[PDB]
Amino acid sequence: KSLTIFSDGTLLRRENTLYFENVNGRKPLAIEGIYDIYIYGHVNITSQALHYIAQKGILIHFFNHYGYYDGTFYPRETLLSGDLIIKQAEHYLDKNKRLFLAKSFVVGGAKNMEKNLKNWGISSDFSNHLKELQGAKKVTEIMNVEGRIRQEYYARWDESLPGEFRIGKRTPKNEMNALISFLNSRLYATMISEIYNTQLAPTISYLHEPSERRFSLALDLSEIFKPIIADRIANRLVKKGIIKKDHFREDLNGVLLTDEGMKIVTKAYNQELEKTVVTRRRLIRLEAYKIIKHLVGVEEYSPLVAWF
Amino acid sequence: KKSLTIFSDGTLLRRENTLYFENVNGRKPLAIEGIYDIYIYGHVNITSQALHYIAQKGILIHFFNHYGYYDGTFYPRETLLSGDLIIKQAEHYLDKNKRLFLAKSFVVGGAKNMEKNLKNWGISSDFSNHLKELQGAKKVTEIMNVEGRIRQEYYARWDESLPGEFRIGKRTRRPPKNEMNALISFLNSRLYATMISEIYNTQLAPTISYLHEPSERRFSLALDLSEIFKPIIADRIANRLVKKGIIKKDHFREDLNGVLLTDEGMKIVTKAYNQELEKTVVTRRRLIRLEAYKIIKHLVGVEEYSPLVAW
Amino acid sequence: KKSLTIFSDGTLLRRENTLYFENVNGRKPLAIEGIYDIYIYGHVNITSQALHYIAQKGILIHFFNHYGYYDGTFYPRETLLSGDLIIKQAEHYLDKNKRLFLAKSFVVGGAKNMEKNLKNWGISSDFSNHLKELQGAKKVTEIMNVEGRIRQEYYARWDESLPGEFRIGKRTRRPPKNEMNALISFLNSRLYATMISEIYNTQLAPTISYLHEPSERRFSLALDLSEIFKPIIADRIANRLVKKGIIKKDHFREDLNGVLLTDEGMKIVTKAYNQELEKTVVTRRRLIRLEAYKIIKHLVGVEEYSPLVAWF
Amino acid sequence: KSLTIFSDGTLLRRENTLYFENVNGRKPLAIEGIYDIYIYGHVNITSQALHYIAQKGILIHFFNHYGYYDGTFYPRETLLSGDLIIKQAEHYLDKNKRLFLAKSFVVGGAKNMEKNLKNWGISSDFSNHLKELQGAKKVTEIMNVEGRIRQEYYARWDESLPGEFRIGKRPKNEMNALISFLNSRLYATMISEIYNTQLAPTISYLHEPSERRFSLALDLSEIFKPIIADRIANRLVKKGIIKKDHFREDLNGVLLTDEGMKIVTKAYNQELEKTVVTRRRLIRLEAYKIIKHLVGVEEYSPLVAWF
Amino acid sequence: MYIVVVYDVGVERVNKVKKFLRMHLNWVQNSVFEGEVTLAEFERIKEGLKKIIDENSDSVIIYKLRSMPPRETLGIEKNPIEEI
Amino acid sequence: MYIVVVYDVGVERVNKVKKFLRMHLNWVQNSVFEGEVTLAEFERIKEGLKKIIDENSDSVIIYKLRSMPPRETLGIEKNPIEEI
């Protein structure tokens, strides 16, 4: 399959064979069966042990300690591989493939919302709402409907949350609305990363119009995973009592978190990202795989439902 | 904003907030802001700090072979991007008629430089009769079958200026077994690199192309555009270097395949390349970018794509 | 071999084998072979290492006052020395003849430039009639008291060509009450410094002089030889500075006692000085050392002593 | 009087007074009675606090940590005085005052050499040569007759020394290096203890004050060479601290090994701290007596080793 | 920030850059200016200088040095910057 | 040691010094030379320059730098040395 290097070493070539210069000792890496390398950590490269990796047509993806994408070394050498980007664009032009994937993303979003609301013992009964998707033709209607669903989700979510942290209309005009608004952004960051870890192009999207200036697939995919990751930690942090008001300050426009709060949220977030049911982070990658297997037509696309 | 080619075997790193290059002997040059592309021609170790930093700064590292042949590219994450243009790139690739226009336009534009290139040198030039064969051809493979002919015949009739030692019988892909085919394919490699760079600077996705089938790791938009700029840069340098006599057999060395340049040949060609890649027209480098913008101008439907001939 | 003048208040130190001047802002310049003389106008701490190195290389530190006036001198150990020249230079001072012809020379060399200076400036020039009042005089006390009157006529024959504002009623050396007496006494002090520097680089003992009574503690040879070079360098600079209009009342300030220069004025005068000190004649600094060699050519008996008073 | 600072501190002026900041403290220095300050240590000076010293006309003589003259700070005013170097050259010119102080140096040396020999149990009878100096007219005779004196010293010194180290004739032999080395290092120490005064070291009497070298230490060496150089070069040969193993032959002559030079210096430096009012000071006191003679207060008496 | 600006501008255009760079940096020799700038007036120099000169004809080099560099002068010293 | 040699030598003399500096150092723009020298070759340059050039007319400046300085050039770059 592929390999992932967590330890911070140095990739090295010693007399015509690859090795790993981990602080404490050198190890050889047998790569004959490997066609892709994923590197996150502090790993020094050398142009000697890049010609060797490239001559065999292997691709190395560089990352931070955390998901942040740095770059990828595309060798001149390449295997058949086809284009997924064209397939992505082959979709969204045939408006009868777009609508499906779009409707799917939303149905997954609202189903995850339901399965989250169920874990907390609230009504949630959305089935008589999703229906509006399967008949709705154009995207703007699926969107306006997903808006209706979203304000319905929040409307029946705030019944389980303290008055201090009520989530009212859309938005940072509130305390709780700021917290979630922050985690959505940090999830967006993580999203661009776990997406870039494949060869899928992030700027061609379905439920959100791929338009000027930003990664529009993370927007689409977020619809499924905010309620799994973003919403839940916000819930826990509130009901467990780890954040009250000492963490929140109010700017001229809205509210936001203190330098102390962002670290607390970041901790709980990074802690919820490494939680096992497997790694909650990888599920982001698996859903992207499920898409890759749909774009080429192996298996139809399924959204992710939260059995946990 | 210039680029870099570091021949000496050192180590790239980032002690304080800047990049620094330690050669084996010892020193630490290189202010970053002001460089655009790094080309690694030597055995240079890179550190994850300067490798993450280069990615954070939007600079890419082009690696090259022992012999000067393009080995690969380090592509950082996409700073300035648009999917509303990429979707059009794919619509133009998918729709064969509109792909046919642009794919053909590249050969229409580049082979046109070649005639006007050889024309500037005082020789016979008749390529016009071949263009008809292209304009009639519908399939991609035939448009290639032509450029595989045009490319090899241009060489044949270019040779009646230069001395024997520098003769080009045929193109000889890696490895070439003659002289003067290293200088051209090596000079070409850097043009490929410079192309992959000046393409990044736009919103175009480099992996959707018309006259070349793209693959995951392949840059086929650079290859497509290269067809235009080889006769503008590669040929003209490879000419103006061979004529005035700045490179001789002392600079060429042989292996089993007879392809290689000495570090002085690589450095002088690199110098002359960097020197002539920007003289004035108010830049020759930007033309790489503007010619890419012209695609943007056609891909929306503002103005049809018109290739570049010569100022 | 340049010269250094540090107006910024910093710290001299060594750092293995080089000199470094760390201003009270962070950084460090200053080559070691670049100088034979340093001029301190600021508040600068010196380290025992850089002072022993300055001594090791034979560099002098010619410290100055708050106003720019000559304060002191750090005279390091003498690399080039000779006793037989010092002996002779003592024979010429001791023997009361063989000296007047040197004292006389210093003056008739000195105030002979003045006439050449007034000539270059287009002013009435007649000192050829004063030369007799000393030509025969016995003791130096006469030649000096005469050089005073001559000095007072060279001035007061010069203020006529200068703007009213810049005028020398008297010299008043320290403190100056009017303008043009600071700029002069200052350029005089700077030349005094340069003089002691170019004297060191010779074999002459700097403390035994002729027209001026010597002292074991003060260089009287710079004073004797300055009689020649004060009107050549200081006056000419202060003139081409006052005329071209490079210094005004915006620069000169009035303290509670006398007048002064501002750091903007002092830096310009020092600049103008070193800018005009290395000029084309060979360098004009060399002429100072060259004239110092002329004395040796008289002491040892090669050729009789003659001044350079020309413009060439 | 004058002041001497061995400690390594920092001289400064905080608010209109001289202050000496050493390790852990600040001590004012009362300068109202001082005409000269001597820095023997590592002392950083400030141009502000040096203008205070300069304003008072005090001299600062700088030294290395141990024994080497660096420079001197001459202020502009320099409270009035006469001139010593004039007197130094005046006595050279007047043939009498030169013939005197020439006779003195040598007869001062030869009596020290005599007391050197007697302390070792040798027959002296050297005074019989001194009469050749009594009446001697030219300097060449005072200096060439002194050769007999020195060679008779060595010839009669060789009777107490081992064969290995022989001064047979006069840097080329076992002993000729060992001794000449201390002569050179003594020259160094001498030209320093001279510089601490106002004496110009390059005006000399017994040796021609020819251009290019310190000739006063050259002359004065005649008196102290038997007191400092010879004396340790003897007990080092005797006590057995130097053998043939320390010496390293060259292509031309003999030399010391890097090991031996440190042994010689360590013993030399020990002599100077080995007070008889200190042994090194005698150089400066003998240097002063000349000053007290050059101005005509008291006649010059050469130094005779009582010890 | 200490820079030394060396340049080659043609005639009838030189006097304007000579007059421009004189009110910002010091002058050492013909067509050589150096001095201490902050990283705001440097931008002003390279910016204002760009509009005074004509590209595709002339050339301007700006070395960015960390501090005043040591130097050895020959011929006549047009100006002694080597003294603080 | 890395130096950048700038000079002002006027006319009918410069061509022999310009051909001189091309054999040792690099060429960047008109009347600007830089390159890597050893403690022996720096002397050779200043010596040759001293004897080829006439003082009291001309001017030559030689900056003594520790390593290759970063630079920002305008106008046409007749030779780029940044590419090493």
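Residues numbered from 1 in each chain as written, not as in the entry; some residues may be left out. Chains lettered and ligands numbered in written order. Heavy atoms only, no water.

A. Quick peek at the overall build of chain D. The helix and strand tally for chain D stands at 10 helices and 10 strands. Its C-alpha atoms put chain D at 70 × 50 × 35 Å along the principal axes. When the 307 residues of chain D are sorted by exposure, 54% land in the buried category. For chain D, the computed accessible surface area is about 14,900 Å², with 51% contributed by carbon and sulfur atoms. Computed over 45 positive and 36 negative side-chain charges, the separation of the two mean positions in chain D equals 2 Å. (Helix = DSSP H or I, 4+ residues; strand = E, 2+ residues; numbered from the N terminus. Buried < 20%, exposed > 50% of the residue type's maximum accessible area, 1.4 Å probe, protein only. Areas by Shrake-Rupley, 256 points an atom, 1.4 Å probe, with all protein chains shown as cover. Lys, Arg positive; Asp, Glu negative; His and termini not counted. Charge placed at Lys NZ, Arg CZ, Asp CG, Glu CD.)

B. Structural view of the interface of chain B and chain A. Taken together, the contacts link 43 residues of chain B with 51 residues of chain A. Taken over both partners, the interface formed by chain B and chain A buries close to 4,000 Å², and the fraction arising from carbon and sulfur atoms is 58%. Between the two partners, chain B and chain A, sit 1 salt bridge. Residue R217 of chain B is joined to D36 of chain A by a salt bridge in which the shortest nitrogen-to-oxygen separation is 2.9 Å. Our count for the contact surface shared by chain B and chain A stands at 19 residue pairs in polar contact. (Contact = heavy atoms within 4.5 Å. Buried area = accessible area lost by both parts, 1.4 Å probe. Salt bridge = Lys/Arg side-chain N within 4 Å of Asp/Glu carboxyl O. Polar contact = N/O pair within 3.5 Å; in protein donor to acceptor, adjacent residues only side chain to side chain.)

C. Representation of the pattern of salt bridges in the model. The final tally for this structure, using the stated rule, is 56 salt bridges over all chains. Residue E272 of chain A pairs with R280 of chain A through a salt bridge whose shortest N-O separation is 3.7 Å. Across the pair, exposure class does not vary: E272 of chain A and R280 of chain A are buried alike. One salt bridge in this structure joins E276 of chain B and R240 of chain B, with 3.5 Å as the shortest N-O distance. Highlighted residues: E276 of chain B in helix α8 (residues 263-276) and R240 of chain B in helix α7 (residues 220-243), separated in sequence by 36 residues. Each of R232, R236, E272, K275 and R280 of chain A takes part in a single network of salt bridges with overlapping partners.

D. Region of interest: the domain arrangement of chain B. Residues and elements named next belong to chain B. What the domain assignment reports for chain B is domain 1 (2-74) and domain 2 (83-300). Listed by partner, the interface residues are 19 residues for domain 1 and 26 residues for domain 2. Overall, the association of domain 1 and domain 2 removes approximately 1,900 Å² of surface from exposure, summing both partners, and the carbon and sulfur fraction of that is 61%. The interface formed by domain 1 and domain 2 holds 0 salt bridges in total. Counting across the interface, domain 1 meets domain 2 through 6 residue pairs in polar contact. Of all the elements in the fold, those that place two or more residues in the side of domain 1 that touches domain 2 are β1 (2-6), β4 (35-40), β6 (60-64) and β7 (70-76). Grouping the amino acids of the side of domain 1 that touches domain 2 by side-chain chemistry returns 9 nonpolar, 8 polar and 2 charged. (Domains from an automatic or database assignment. Nonpolar A, V, L, I, M, F, W, Y, C, P; charged D, E, K, R; others polar.)

E. Geometry of the UniProt feature "binding site: Mn(2+)" (unreviewed entry) in chain B. All names here are of chain B. The feature "binding site: Mn(2+)" (unreviewed entry), as annotated in UniProt, sits at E147, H212 and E227 in this numbering. These annotated residues cover 81 residues of sequence, and their C-alpha atoms lie no more than 11.9 Å from one another, placing them together at a single site. Here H212 shows up in the loop between α6 (181-200) and α7. Residues in contact with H212, not counting those within four places in the same chain, are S220, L223, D224 and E227. A polar atom in the side chain of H212 sits 2.6 Å from the side chain of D224. Mapped onto the secondary structure, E227 falls in helix α7. Not counting residues within four places of it along the chain, the set of residues in contact with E227 comprises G110, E147, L211 and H212. (UniProt positions renumbered as here; feature names shortened; annotations may be inferred.)

F. Geometry of the packing of helix α3 (residues 100-120) of chain C against helix α5 (residues 140-154) of chain C. Residues and elements named next belong to chain C. Between α3 and α5, the shortest axis-to-axis distance is 11 Å and the interhelical angle comes to 5 degrees. The angle between the axes of α3 and α5 places the two elements in the roughly parallel class. Taking contact as the criterion, the partners of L100, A103, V107, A111, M114, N117 and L118 in α3 are, on α5, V140, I143, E147, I150 and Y154. (Axes fitted to C-alpha atoms, helices over the stretch in contact; angles between N-to-C directions. Parallel < 35°, antiparallel > 145°, perpendicular 65-115°, else oblique.)

G. Structural context of the sheet that holds strand β3 (residues 20-23) of chain B. Across the sheet, 4 strands lie side by side as β6(A)-β5(B)-β2(B)-β3(B); this open sheet has mixed pairing. Every interior strand has two partners, whereas the edge strands, β6 (45-46) of chain A together with β3 of chain B, have only one. In terms of strand pairing, β6 of chain A meets strand β5 (residues 45-46) of chain B through 2 bridges, oriented antiparallel. The residue of β5 of chain B that forms the bridge with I45 of chain A is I46 of chain B. (Pairing = 2+ DSSP bridges.)

H. Focus on the packing of aromatic side chains. In the structure shown here, the tally under the stated rule is 66 aromatic pairs over all chains. Taking 5.9 Å as the distance between ring centres and 90 degrees as the angle between the ring planes, the aromatic pair formed by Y39 of chain B and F64 of chain B counts as edge-to-face. Taken together, the residues span a long stretch of sequence, with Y39 of chain B in strand β4 and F64 of chain B in strand β6 at a distance of 25 residues. Accessibility expressed as a relative area gives 6% for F64 of chain B, which makes it buried. An aromatic cluster is defined as three or more aromatic residues linked by ring pairs; in this entry it consists of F6, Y40, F63, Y69, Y188, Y196 and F215 of chain A. Here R14 of chain A stacks its cationic end above the ring of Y19 of chain A, 5.4 Å away from the centre of that ring. The side chain of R280 of chain A reaches across the aromatic face of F308 of chain A, ending 4.4 Å from its centre. (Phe/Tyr/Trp six-rings, centres within 6.5 Å; stacked < 30°, edge-to-face > 60°. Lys NZ or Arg CZ within 6 Å of the ring centre and 35° of its normal.)

I. Molecular detail of a positive patch on the surface. Residues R15, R27 and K28 of chain C, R66 of chain E together with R66 of chain F make up a contiguous surface patch of positive charge. For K28 of chain C, a relative accessible area of 37% corresponds to the partly exposed category. (Patch = residues over 30% accessible without salt bridge, like charges linked within 9 Å, V, L, I, M, F, W, Y side chains within 5 Å.)

J. Quick look at the sheet that holds strand β4 (residues 27-28) of chain A. Residue and element names in this part refer to chain A. Within the open sheet, the 3 strands sit side by side as β2-β3-β4. Their pairing is antiparallel. Looking at which strands have only one partner, the edges of the open sheet turn out to be β2 (11-13) and β4. With 3 bridges joining them, β2 and strand β3 (residues 18-20) adopt antiparallel strand pairing. Bridge assignment links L12 to a residue of β3, and that residue is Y19.

K. A look at the pairing of strand β4 (residues 35-40) of chain C. All names here are of chain C. Most of β4 is tucked away: 6 of the 6 residues are buried. Sheet analysis places strand β1 (residues 2-6) next to β4, joined by 4 bridges and oriented parallel. Looking at the pairing, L4 lines up with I38 of β4. Examined bridge by bridge, β4 and strand β6 (residues 60-61) share 2 bridges and lie parallel to one another. Pairing of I38 across the sheet is with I61, part of β6.

L. Quick peek at the arrangement of the chains. Chain D makes no contact with chain B, the minimum C-alpha separation between the two being 34 Å. Regarding chain D and chain E, the two do not touch, and the least distance separating their C-alpha atoms is 16 Å.

M. Quick peek at the UniProt feature "binding site: Mn(2+)" (unreviewed entry) in chain D. Residues and elements named next belong to chain D. In this numbering, the UniProt entry assigns the feature "binding site: Mn(2+)" (unreviewed entry) to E146, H207 and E222. Relative to the assigned elements, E146 resides in helix α6 (residues 139-157). If sequence neighbours within four positions are ignored, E146 has contacts with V106, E141 and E222. Inspection of the secondary structure puts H207 in the loop between α7 (174-195) and α8 (215-239). On the accessibility criterion, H207 (24% relative accessible area) is partly exposed.

N. Spatial organisation of α6 of chain B. When the terminal C-alpha atoms of α6 of chain B are compared, their 28 Å separation across 20 residues agrees well with the 28 Å that a helix rising 1.5 Å per residue should span. Of all the 20 residues making up α6 of chain B, 20 are buried; the element is thus mostly covered by neighbouring parts of the structure. (Expected span 1.5 Å × (residues − 1).)

O. Region of the structure containing the environment of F166 of chain C. All names here are of chain C. On the secondary structure map, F166 appears in the loop between α5 and α6 (182-200). Relative accessible area serves as the criterion here: at 5%, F166 is assigned to the buried category. The spacing of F166 and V242 is 76 residues in sequence and 7.8 Å in space, taken between C-alpha atoms. When residues no more than four places from it in sequence are discounted, the contact partners of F166 are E179, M180, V242, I247 and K248.

P. Quick look at the domain arrangement of chain D. Residue and element names in this part refer to chain D. Once the domains are mapped, chain D shows domain 1 (2-73) and domain 2 (84-295). Contacts between domain 1 and domain 2 engage 9 residues on the former and 12 residues on the latter. Counting the surface lost from both domain 1 and domain 2, the interface buries some 960 Å², and carbon and sulfur atoms represent 43% of this. The largest per-residue losses of area from domain 1 upon contact with domain 2 belong to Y66, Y68 and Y69, which jointly make up 46% of the total buried on that side. Linking domain 1 to domain 2 there are 6 residue pairs in polar contact. Class assignment for the residues of the side of domain 1 that touches domain 2 results in 7 nonpolar, 2 polar and no charged.

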